[PDB]
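Data block below; observations after.
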Amino acid sequence: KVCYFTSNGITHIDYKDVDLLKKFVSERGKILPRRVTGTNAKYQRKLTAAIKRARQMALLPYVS
Amino acid sequence: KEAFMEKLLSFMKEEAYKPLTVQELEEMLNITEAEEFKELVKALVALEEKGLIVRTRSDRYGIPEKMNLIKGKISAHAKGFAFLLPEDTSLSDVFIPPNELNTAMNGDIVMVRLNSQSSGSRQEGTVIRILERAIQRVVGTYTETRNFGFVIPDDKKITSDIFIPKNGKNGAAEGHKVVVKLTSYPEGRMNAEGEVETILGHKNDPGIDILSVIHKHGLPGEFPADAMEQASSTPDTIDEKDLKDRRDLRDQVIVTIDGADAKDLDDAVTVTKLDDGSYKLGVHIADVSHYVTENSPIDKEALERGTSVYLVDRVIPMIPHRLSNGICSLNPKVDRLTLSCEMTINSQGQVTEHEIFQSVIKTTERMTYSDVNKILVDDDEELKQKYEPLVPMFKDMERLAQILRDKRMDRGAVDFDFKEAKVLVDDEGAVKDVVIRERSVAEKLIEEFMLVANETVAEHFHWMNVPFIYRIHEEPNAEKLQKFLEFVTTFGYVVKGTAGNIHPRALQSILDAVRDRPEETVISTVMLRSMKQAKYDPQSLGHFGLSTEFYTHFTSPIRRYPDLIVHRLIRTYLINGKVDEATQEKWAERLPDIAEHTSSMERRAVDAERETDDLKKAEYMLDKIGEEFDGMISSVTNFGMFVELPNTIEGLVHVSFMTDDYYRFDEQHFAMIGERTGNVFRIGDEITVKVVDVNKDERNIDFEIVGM
Amino acid sequence: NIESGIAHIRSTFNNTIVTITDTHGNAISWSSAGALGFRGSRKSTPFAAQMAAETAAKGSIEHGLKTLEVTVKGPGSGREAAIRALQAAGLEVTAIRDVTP
Amino acid sequence: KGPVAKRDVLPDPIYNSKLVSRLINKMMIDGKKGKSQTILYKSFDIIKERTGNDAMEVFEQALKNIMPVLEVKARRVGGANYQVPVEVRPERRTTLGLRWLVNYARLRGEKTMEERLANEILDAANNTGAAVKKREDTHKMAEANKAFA
RNA sequence: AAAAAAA
RNA sequence: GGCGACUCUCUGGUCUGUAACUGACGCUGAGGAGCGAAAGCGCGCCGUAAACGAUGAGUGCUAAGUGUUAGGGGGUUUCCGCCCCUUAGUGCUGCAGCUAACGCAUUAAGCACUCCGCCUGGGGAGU
């Protein structure tokens with residue numbers, strides 16, 4: 001149960017990197033909770049924003 | 001309307017009719033218009049109302065009256081009720097109340113009358129007649145009353161104590177585990193009577209626990225005298241005459257890779273990289289068909305066994321230990337006879353050229369699976385230096401494996417990677433530790449090589465068009481898979497395909513998505529419970545779970561009778577050239593009866609192995625009553641939920657320990673939901689449990705929930 | 001003659017409806033558990049939803065559909081059956097979407 | 001709470017059948033077991049003189065035909081009023097066998113009880129008369145409401 | 001509970 | 001009091017670290033001013049609210065154990081890693097002490113000091 005971002009040393013999540021973000025959403029495309037993905041709280045927020053800015057820009061779906 | 005109803009009833013009254021769904025009835029009647037389809041549905045409703053047809057709970061229509069019944073096998077329970085498993089597996093189970101069993105026992109083929117009224121969700125029924133009696137022996141614990149004995153059956157599905165008349169005692173004392181042969185069955189209120197056939201010993205003596213398992217399934221004991229005479233007469237070294245017409249390979253670099261504790265080395269391998277970039281793979285299997293000839297003592301016994309069995313403490317072999325650990329064994333640095341499968345394999349893992357032939361080998365080194373992992377994965381410099389001449393081949397094996405694995409998975413083979421237990425005992429048979437059995441790189445390498453050799457042998461003989469034995473795995477049950485597909489849409493996994501025409505790759509798509517999720521273990525486990533078991537047959541029907549069209553077992557004839565036959569058919573058809581009509585008719589008669597038997601001897605090995613494991617897990621947990629462990633809800637039922645630990649030990653949380661709320665089971669979600677609290681325990685949640693009780697005899701571990 | 005469509009399934013606790021449309025939401029065909037003559041508890045059941053979808057789908061294949069987006073409404077037991085009735089009728093399911101209000 | 005043991009009757013001294021004794025005790029009035037011991041031994045001599053068979057061959061055959069297999073039991077859970085088909089326990093089979101045999105034998109038209117009991121046994125053995133009918137009657141009734149249980 | 005495959 | 005889509009513009013406060021500087025420049029604070037529910041009614045006005053963890057504010061001192069949020073240093077660490085000290089906040093247990101008891105317990109209701117609001121039988125009466 002390790003954080004992706006702490007692990008790989010990633011300090012900035014980018015809403016344009018869709019193929020990363022897709023690791024953290026469900027197949028429906030709901031965001032996955034932090035207790036499932038191992039993510040740090042710190043990153044979960046960042047991640048949460050990114051995905052939201054993605055979704056606005058139709059890079060991810062709101063609902064698959 | 002009435003003429004259509006008659007026509008449907010007459011169609012269903014044909015002798016060849018099996019119970020069909022509405023869609024199957026639509027297809028069989030060639031109904032193509034939407035209005036004729038409405039006519040069928042109204043007819044099926046009207047006939048079902050009249051009681052002239054019956055809808056089973058698997059949504060299949062059958063004429064009761066030809067039955068008013070269903071033929072099937074009893075699956076008894078320990079509380080006194082049962083289920084009918086129909087012969088037509090597409091039909092649903094029929095619940096049988098304890099009063100309506102009418103002397104039926106577990107495994108009995110019966111006929112059951114269908115009750116018009118059901119008191120619950122499932123269709124009820126009464127046993128009217130017993131066609132075939134399954135149980136003829138019963139193991140148990142003997143007990144001595146004043147003027148008569150009884151025996152308490154270890155199979156708790158036998159709810160009633162077996163009466164022993166005083167002349168049937170045969171020396172059995174209080175607390176002795178005993179075999180008992182049935183003289184009579186239960187009748188009305190009278191129990192089954194018997195006679196003690198065998199005394200095992202006392203129930204507190206070490207090893208009687210397992211021995212009781214061995215007797216419960218009816219597993220083979222010691223070898224017959226004529227087999228042990230044949231085994232004792234078999235030479236311990238190869239005769240020079242046997243080297244005739246065998247390809248000498250003694251100078252090549254060949255190695256066995258097995259477990260550290262394995263003495264029955266079936267397989268030895270080699271990998272040479274060719275100049276074009278393709279790989280040459282030699283698979284060299286122990287030539288058991290030479291030393292165990294057709295219709296010798298050992299052969300008759302090895303047919304009666306069907307397989308070796310691998311219980312916790314001991315191995316019940318298929319063939320004698322003198323043969324299986326001596327001359328057939330591909331022991332290190334000694335001349336051994338083999339039947340080889342040598343394969344040229346290109347840069348996409350396709351076999352371009354193959355040859356199956358008789359050989360003699362001399363194995364360069366006996367490796368282990370732990371040593372081979374240390375050389376490849378851990379990069380261990382001491383072990384490399386020790387095995388310096390083999391290190392280049394071990395890296396050439398690794399790359400070939402990967403190429404064969406990448407092919408397999410692209411063809412759509414289902415990798416069902418689950419955690420299995422290995423129990424560790426002492427010399428007495430008492431349990432030391434339950435650890436995870438990890439599939440490393442060295443095992444998966446050997447796995448892939450064996451697979452391709454088994455694939456290459458099968459394919460060669462299918463095109464030959466001679467009678468042969470195949471290892472088949474049919475398509476899974478369409479109803480069971482329909483229920484599996486539903487279950488995964490709850491977690492959000494959306495599959496492409498229907499339950500009657502799934503390609504294996506679609507199931508692999510699920511198993512890749514769930515990888516490293518909490519849901520994994522259970523969706524994994526629930527898919528499994530939609531799969532059919534693999535069996536042997538004489539027909540090539542393909543293997544679903546390897547997604548191949550041609551497969552047999554060739555690579556272990558020490559410990560599988562079907563493999564030993566594959567070695568005889570190879571010697572018959574390829575080496576000897578006996579492809580005459582009389583040879584073919586002989587084997588074409590015999591293989592359906594071997595295939596059916598050996599299949600049933602495998603399922604009797606598995607059931608028994610598992611039953612020793614579950615016993616020794618339970619033996620493990622007796623000193624852990626009170627202790628708190630993290631786990632994961634493996635299953636949820638109307639009576640509770642099962643929890644798996646991180647050493648794979650399973651235990652129940654009974655609803656009666658869920659004291660914080662009145663829990664209702666939701667069948668669709670797979671969950672226990674509280675009415676008041678709104679707490680929801682689901683399949684796949686992580687929970688902490690405490691050990692409450694452990695019953696070794698029953699093989700029960702009871703848990704209580706400390707927290708989520 | 002339109003190929004792509006949406007299969008609007010409403011599964012209530014009483015009933016399963018299935019409308020099949022074009023992409024601009026014009027109604028190709030429909031069916032329902034009640035249209036097939038089921039009544040009461042039967043209309044709720046996933047079997048009735050299955051059969052509803054087939055009747056809706058076989059109406060659509062006459063107009064010449066091939067691919068279906070699915071939109072599900074309501075808490076009923078049909079949606080999982082009724083979707084696999086669309087796959088089994090023949091029509092491929094691109095994506096489903098729960099649009100419960 | 002725990003099924004009381006039924007009283008262990010002696011075997012009938014001349015037919016060595018605890019069934020035949022149980023008949024005597026069923027026939028006995030006002031503790032006059034003598035009257036009933038006489039009546040049966042008179043009735044079984046009548047059966048043996050007519051048929052030629054042993055009275056035991058006939059009497060056991062008579063009981064087979066009177067003895068019920070399924071019975072109606074009133075169940076009123078909520079509404080219900082369900083006449084639950086209940087299987088007659090083997091002791092209650094003989095009970096109802098001997099009860100009906102005696103009850104209908106007493107109702108017959110023949111002058112003496114020894115003849116009345118003989119004729120009811122002979123009719124029961126031929127799968128006819130009133131006591132066999134009574135078993136049929138409750139089975140017809142149990143078959144009629146068989147959809148409960 | 002419940003699959004391959006290995007042993 | 002509250003404040004949960006995302007983006008952008010403008011703006012407030014907080015914490016950590018080092019001390020470059022300042023050199024007691026602080027604290028509390030009646031009144032007053034501003035903010036401030038459904039409010040209640042014509043956005044304005046209303047101006048009170050269990051607007052009560054029922055616990056003024058500021059500062060210092062006084063066993064522990066454990067969790068989390070944002071940090072700081074060291075340790076090896078490739079990094080991650082885990083390990084440890086330390087800071088601010090937020091939690092659960094638990095001393096000493098305090099309480100009528102319930103409890104509180106370095107987020108004190110403990111031990112001290114400064115300043116403010118407030119209480120003094122119930123009802124009558126928030127008349």
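Residues in the structure tokens are named by chain (A, B, ... in the order shown) and by number from 1 within that chain; ligands are numbered from 1 in the order shown.
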Neighbouring residues of residue 693 in chain B were defined as those with any atom within 8 Å, considering only C-alpha atoms (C1' of nucleotides); residues of the same chain fewer than 2 positions away were excluded. Please report them as an NGL selection string. :B and (622 or 625 or 691 or 695 or 701-703)
What are the residues of chain B lining chain E at 8 Å or less? Count only C-alpha atoms (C1' of nucleotides), and put the answer as a list in words.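 Interface list for chain B against chain E: residues 259, 262, 310, 414, 415, 416, 443, 447, 528, 529, 531, 532, 533, 545 and 546 of chain B.
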Using the chain letters and numbers from this document, which residues of range 2-98 of chain C does DSSP assign to helix (DSSP H, G or I), as a PyMOL selection string? chain C and resi 41-44+46-63+79-89
Can you tell me, as a PyMOL selection string, what residues are no more than 10 Å from residue 36 in chain A when counting only C-alpha atoms (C1' of nucleotides), ignoring any on the same chain fewer than 6 positions away? (chain A and resi 1+24) or (chain B and resi 516-519)
I want to know what sits within 7 Å of range 65-70 of chain C, based on only C-alpha atoms (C1' of nucleotides), with residues of the same chain fewer than 6 positions away left out; could you give that as an mmCIF file with C-alpha atoms, in the first residue's frame?
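Saved file result_24.cif follows:
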```cif
data_model
loop_
_atom_site.group_PDB
_atom_site.id
_atom_site.type_symbol
_atom_site.label_atom_id
_atom_site.label_comp_id
_atom_site.auth_asym_id
_atom_site.auth_seq_id
_atom_site.Cartn_x
_atom_site.Cartn_y
_atom_site.Cartn_z
ATOM 1 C CA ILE C 2 -29.372 3.991 -38.769
ATOM 2 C CA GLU C 3 -26.565 1.892 -37.223
ATOM 3 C CA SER C 4 -25.541 3.566 -33.930
ATOM 4 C CA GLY C 5 -28.105 4.020 -31.123
ATOM 5 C CA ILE C 6 -28.824 4.310 -27.388
ATOM 6 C CA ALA C 7 -30.775 1.619 -25.461
ATOM 7 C CA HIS C 8 -32.582 3.549 -22.706
ATOM 8 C CA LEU C 91 -25.861 -5.633 -30.899
ATOM 9 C CA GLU C 92 -22.450 -4.629 -29.492
ATOM 10 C CA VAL C 93 -22.409 -2.519 -26.291
ATOM 11 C CA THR C 94 -19.803 0.302 -26.501
ATOM 12 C CA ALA C 95 -20.419 1.860 -23.078
ATOM 13 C CA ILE C 96 -23.152 1.783 -20.447
ATOM 14 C CA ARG C 97 -24.039 4.870 -18.317
#
```
Tell me which of B:78, B:534, B:445, B:199 sits closest to residue 405 in chain B, counting only C-alpha atoms.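 Checking each of B:78, B:534, B:445, B:199 against residue 405 in chain B, counting only C-alpha atoms, the winner is B:445.
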Extract, using only C-alpha atoms (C1' of nucleotides), all DNA, RNA and protein residues at most 10 Å from residue 40 in chain C, discarding same-chain residues fewer than 5 positions from it, and format them as a PyMOL selection string. chain C and resi 14-15+33-34+45
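The shell of residues at most 12 Å from residue 35 in chain B, with only C-alpha atoms (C1' of nucleotides) counted and near chain neighbours (fewer than 3 positions) removed, consists of residues 26, 31, 32, 38, 39, 40, 41 and 42 of chain B; 35, 36, 55, 58 and 59 of chain C.
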Using DSSP on the backbone coordinates, identify the residues of chain C assigned to strand (DSSP E or B); present them as a PyMOL selection string. chain C and resi 4-11+16-21+27-32+67-73+92-93+98
Taking N, CA and C atoms for each residue, export the selection above as a PDB file, in the first residue's frame.
```pdb
ATOM      1  N   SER C   4     -25.817   3.257 -35.330  1.00  0.00           N
ATOM      2  CA  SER C   4     -25.541   3.566 -33.930  1.00  0.00           C
ATOM      3  C   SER C   4     -26.818   4.028 -33.224  1.00  0.00           C
ATOM      4  N   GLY C   5     -26.935   3.692 -31.927  1.00  0.00           N
ATOM      5  CA  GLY C   5     -28.105   4.020 -31.123  1.00  0.00           C
ATOM      6  C   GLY C   5     -27.820   3.978 -29.620  1.00  0.00           C
ATOM      7  N   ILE C   6     -28.809   4.442 -28.839  1.00  0.00           N
ATOM      8  CA  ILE C   6     -28.824   4.310 -27.388  1.00  0.00           C
ATOM      9  C   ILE C   6     -29.993   3.396 -27.001  1.00  0.00           C
ATOM     10  N   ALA C   7     -29.749   2.480 -26.045  1.00  0.00           N
ATOM     11  CA  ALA C   7     -30.775   1.619 -25.461  1.00  0.00           C
ATOM     12  C   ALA C   7     -31.149   2.091 -24.054  1.00  0.00           C
ATOM     13  N   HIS C   8     -32.187   2.932 -23.963  1.00  0.00           N
ATOM     14  CA  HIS C   8     -32.582   3.549 -22.706  1.00  0.00           C
ATOM     15  C   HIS C   8     -33.372   2.539 -21.883  1.00  0.00           C
ATOM     16  N   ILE C   9     -32.722   1.953 -20.873  1.00  0.00           N
ATOM     17  CA  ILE C   9     -33.391   1.008 -19.995  1.00  0.00           C
ATOM     18  C   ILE C   9     -33.826   1.776 -18.752  1.00  0.00           C
ATOM     19  N   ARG C  10     -35.133   1.728 -18.456  1.00  0.00           N
ATOM     20  CA  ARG C  10     -35.664   2.104 -17.155  1.00  0.00           C
ATOM     21  C   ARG C  10     -36.032   0.804 -16.441  1.00  0.00           C
ATOM     22  N   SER C  11     -35.348   0.525 -15.319  1.00  0.00           N
ATOM     23  CA  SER C  11     -35.672  -0.569 -14.414  1.00  0.00           C
ATOM     24  C   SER C  11     -36.137   0.000 -13.073  1.00  0.00           C
ATOM     25  N   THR C  16     -39.506  -3.120 -15.976  1.00  0.00           N
ATOM     26  CA  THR C  16     -38.365  -2.741 -16.791  1.00  0.00           C
ATOM     27  C   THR C  16     -38.838  -2.265 -18.150  1.00  0.00           C
ATOM     28  N   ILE C  17     -38.499  -1.025 -18.492  1.00  0.00           N
ATOM     29  CA  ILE C  17     -38.729  -0.495 -19.823  1.00  0.00           C
ATOM     30  C   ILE C  17     -37.383  -0.497 -20.540  1.00  0.00           C
ATOM     31  N   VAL C  18     -37.447  -0.657 -21.872  1.00  0.00           N
ATOM     32  CA  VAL C  18     -36.303  -0.568 -22.763  1.00  0.00           C
ATOM     33  C   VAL C  18     -36.789   0.152 -24.015  1.00  0.00           C
ATOM     34  N   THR C  19     -36.325   1.391 -24.203  1.00  0.00           N
ATOM     35  CA  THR C  19     -36.451   2.112 -25.459  1.00  0.00           C
ATOM     36  C   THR C  19     -35.083   2.065 -26.140  1.00  0.00           C
ATOM     37  N   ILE C  20     -35.081   1.950 -27.477  1.00  0.00           N
ATOM     38  CA  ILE C  20     -33.874   2.059 -28.285  1.00  0.00           C
ATOM     39  C   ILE C  20     -34.073   3.187 -29.290  1.00  0.00           C
ATOM     40  N   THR C  21     -33.059   4.058 -29.384  1.00  0.00           N
ATOM     41  CA  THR C  21     -33.149   5.340 -30.065  1.00  0.00           C
ATOM     42  C   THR C  21     -32.083   5.390 -31.169  1.00  0.00           C
ATOM     43  N   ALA C  27     -37.039   7.608 -31.435  1.00  0.00           N
ATOM     44  CA  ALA C  27     -37.337   6.301 -30.877  1.00  0.00           C
ATOM     45  C   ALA C  27     -37.467   5.301 -32.016  1.00  0.00           C
ATOM     46  N   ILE C  28     -36.550   4.331 -32.029  1.00  0.00           N
ATOM     47  CA  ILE C  28     -36.520   3.296 -33.048  1.00  0.00           C
ATOM     48  C   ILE C  28     -37.593   2.266 -32.675  1.00  0.00           C
ATOM     49  N   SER C  29     -37.462   1.682 -31.477  1.00  0.00           N
ATOM     50  CA  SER C  29     -38.402   0.697 -30.966  1.00  0.00           C
ATOM     51  C   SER C  29     -38.404   0.759 -29.449  1.00  0.00           C
ATOM     52  N   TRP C  30     -39.318  -0.008 -28.853  1.00  0.00           N
ATOM     53  CA  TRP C  30     -39.318  -0.218 -27.420  1.00  0.00           C
ATOM     54  C   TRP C  30     -40.015  -1.534 -27.100  1.00  0.00           C
ATOM     55  N   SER C  31     -39.810  -1.988 -25.867  1.00  0.00           N
ATOM     56  CA  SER C  31     -40.650  -3.003 -25.261  1.00  0.00           C
ATOM     57  C   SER C  31     -40.620  -2.787 -23.751  1.00  0.00           C
ATOM     58  N   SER C  32     -41.395  -3.603 -23.031  1.00  0.00           N
ATOM     59  CA  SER C  32     -41.448  -3.570 -21.578  1.00  0.00           C
ATOM     60  C   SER C  32     -41.961  -4.908 -21.053  1.00  0.00           C
ATOM     61  N   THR C  67     -24.489  -1.170 -33.198  1.00  0.00           N
ATOM     62  CA  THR C  67     -23.846  -0.714 -31.966  1.00  0.00           C
ATOM     63  C   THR C  67     -24.851   0.022 -31.066  1.00  0.00           C
ATOM     64  N   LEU C  68     -24.784  -0.241 -29.748  1.00  0.00           N
ATOM     65  CA  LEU C  68     -25.630   0.393 -28.746  1.00  0.00           C
ATOM     66  C   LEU C  68     -24.792   0.995 -27.622  1.00  0.00           C
ATOM     67  N   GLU C  69     -24.913   2.312 -27.424  1.00  0.00           N
ATOM     68  CA  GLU C  69     -24.705   2.889 -26.106  1.00  0.00           C
ATOM     69  C   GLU C  69     -25.892   2.449 -25.246  1.00  0.00           C
ATOM     70  N   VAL C  70     -25.665   2.216 -23.942  1.00  0.00           N
ATOM     71  CA  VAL C  70     -26.740   1.898 -23.002  1.00  0.00           C
ATOM     72  C   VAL C  70     -26.854   3.022 -21.968  1.00  0.00           C
ATOM     73  N   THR C  71     -28.096   3.448 -21.653  1.00  0.00           N
ATOM     74  CA  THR C  71     -28.352   4.294 -20.492  1.00  0.00           C
ATOM     75  C   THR C  71     -29.364   3.607 -19.584  1.00  0.00           C
ATOM     76  N   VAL C  72     -28.963   3.395 -18.325  1.00  0.00           N
ATOM     77  CA  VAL C  72     -29.789   2.732 -17.333  1.00  0.00           C
ATOM     78  C   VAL C  72     -30.375   3.805 -16.418  1.00  0.00           C
ATOM     79  N   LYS C  73     -31.642   3.608 -16.013  1.00  0.00           N
ATOM     80  CA  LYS C  73     -32.290   4.395 -14.970  1.00  0.00           C
ATOM     81  C   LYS C  73     -32.824   3.437 -13.903  1.00  0.00           C
ATOM     82  N   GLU C  92     -23.615  -4.845 -30.341  1.00  0.00           N
ATOM     83  CA  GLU C  92     -22.450  -4.629 -29.492  1.00  0.00           C
ATOM     84  C   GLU C  92     -22.714  -3.431 -28.574  1.00  0.00           C
ATOM     85  N   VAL C  93     -22.249  -3.541 -27.316  1.00  0.00           N
ATOM     86  CA  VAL C  93     -22.409  -2.519 -26.291  1.00  0.00           C
ATOM     87  C   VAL C  93     -21.073  -1.785 -26.137  1.00  0.00           C
ATOM     88  N   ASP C  98     -25.065   4.910 -16.082  1.00  0.00           N
ATOM     89  CA  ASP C  98     -26.149   5.060 -15.117  1.00  0.00           C
ATOM     90  C   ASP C  98     -26.566   6.532 -15.093  1.00  0.00           C
TER      91      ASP C  98
END
```
Of the candidates F:80, F:119, F:57, F:101, which one gets nearest to residue 6 in chain A if we count only C-alpha atoms (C1' of nucleotides)?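 Checking each candidate against residue 6 in chain A, we get F:80 as the closest.
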Could you name the residues that touch residue 95 in chain F at 12 Å or less, counting only C-alpha atoms (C1' of nucleotides), but leaving out those on the same chain fewer than 6 positions away, as a list in words? residues 62, 63, 64, 65, 105 and 110 of chain F
Using only N, CA and C atoms (P, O5', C5', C4', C3', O3' and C1' of nucleotides), please write the residues we just selected to a file, as a PDB file, in the first residue's frame.
```pdb
ATOM      1  P     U F  62       8.086  21.719  33.706  1.00  0.00           P
ATOM      2  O5'   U F  62       6.843  20.945  34.332  1.00  0.00           O
ATOM      3  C5'   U F  62       6.872  20.557  35.738  1.00  0.00           C
ATOM      4  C4'   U F  62       5.635  19.748  36.041  1.00  0.00           C
ATOM      5  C3'   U F  62       5.364  18.598  35.079  1.00  0.00           C
ATOM      6  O3'   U F  62       6.187  17.468  35.373  1.00  0.00           O
ATOM      7  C1'   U F  62       3.365  19.790  35.507  1.00  0.00           C
ATOM      8  P     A F  63       6.316  16.284  34.291  1.00  0.00           P
ATOM      9  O5'   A F  63       4.856  15.616  34.386  1.00  0.00           O
ATOM     10  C5'   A F  63       4.459  14.605  33.414  1.00  0.00           C
ATOM     11  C4'   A F  63       5.049  13.280  33.821  1.00  0.00           C
ATOM     12  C3'   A F  63       5.495  12.390  32.666  1.00  0.00           C
ATOM     13  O3'   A F  63       6.856  12.633  32.323  1.00  0.00           O
ATOM     14  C1'   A F  63       4.046  11.175  34.076  1.00  0.00           C
ATOM     15  P     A F  64       7.329  12.453  30.801  1.00  0.00           P
ATOM     16  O5'   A F  64       6.848  10.947  30.534  1.00  0.00           O
ATOM     17  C5'   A F  64       5.962  10.677  29.416  1.00  0.00           C
ATOM     18  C4'   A F  64       5.400   9.281  29.542  1.00  0.00           C
ATOM     19  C3'   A F  64       5.002   8.637  28.217  1.00  0.00           C
ATOM     20  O3'   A F  64       6.085   7.942  27.611  1.00  0.00           O
ATOM     21  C1'   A F  64       3.166   8.580  29.686  1.00  0.00           C
ATOM     22  P     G F  65       6.205   7.860  26.006  1.00  0.00           P
ATOM     23  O5'   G F  65       4.887   7.026  25.635  1.00  0.00           O
ATOM     24  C5'   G F  65       4.829   5.604  25.984  1.00  0.00           C
ATOM     25  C4'   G F  65       3.545   5.028  25.456  1.00  0.00           C
ATOM     26  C3'   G F  65       3.268   5.311  23.980  1.00  0.00           C
ATOM     27  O3'   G F  65       3.938   4.393  23.132  1.00  0.00           O
ATOM     28  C1'   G F  65       1.345   5.794  25.267  1.00  0.00           C
ATOM     29  P     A F 105      -9.504  16.112  28.627  1.00  0.00           P
ATOM     30  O5'   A F 105      -8.164  16.026  29.507  1.00  0.00           O
ATOM     31  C5'   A F 105      -7.466  17.260  29.800  1.00  0.00           C
ATOM     32  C4'   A F 105      -6.398  16.994  30.825  1.00  0.00           C
ATOM     33  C3'   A F 105      -5.270  16.072  30.389  1.00  0.00           C
ATOM     34  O3'   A F 105      -4.245  16.797  29.732  1.00  0.00           O
ATOM     35  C1'   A F 105      -6.104  15.372  32.495  1.00  0.00           C
ATOM     36  P     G F 110      -8.792  23.022  36.923  1.00  0.00           P
ATOM     37  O5'   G F 110      -7.506  22.043  36.877  1.00  0.00           O
ATOM     38  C5'   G F 110      -7.589  20.773  37.619  1.00  0.00           C
ATOM     39  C4'   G F 110      -6.231  20.458  38.192  1.00  0.00           C
ATOM     40  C3'   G F 110      -5.540  21.635  38.855  1.00  0.00           C
ATOM     41  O3'   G F 110      -5.887  21.724  40.241  1.00  0.00           O
ATOM     42  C1'   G F 110      -4.075  20.580  37.322  1.00  0.00           C
TER      43        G F 110
END
```
Figure out the distance between CA of residue 291 in chain B and CA of residue 363 in chain B, please, to one decimal in Å.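 Separation of CA of residue 363 in chain B and CA of residue 291 in chain B: 19.6 Å.
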Using only C-alpha atoms, I'd like every residue of chain A that has an atom within 9 Å of chain C; please write them out as a list in words.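 My answer is residues 28, 63 and 64 of chain A.
Computed from the coordinates, the CA of residue 509 in chain B to CA of residue 348 in chain B distance equals 21.5 Å.
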What separation in Å, quoted to one decimal, exists between CA of residue 451 in chain B and CA of residue 361 in chain B? 21.1 Å
Residue nearest residue 54 in chain A - candidates A:21, A:30, A:2, A:9, atoms counted: only C-alpha atoms: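 With only C-alpha atoms as the atom set, the closest residue is A:21.
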Which one of A:15, A:47, A:7, A:38 sits closest to chain B if you count only C-alpha atoms?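 Answer, going by the shortest atom-to-atom distance: A:38.
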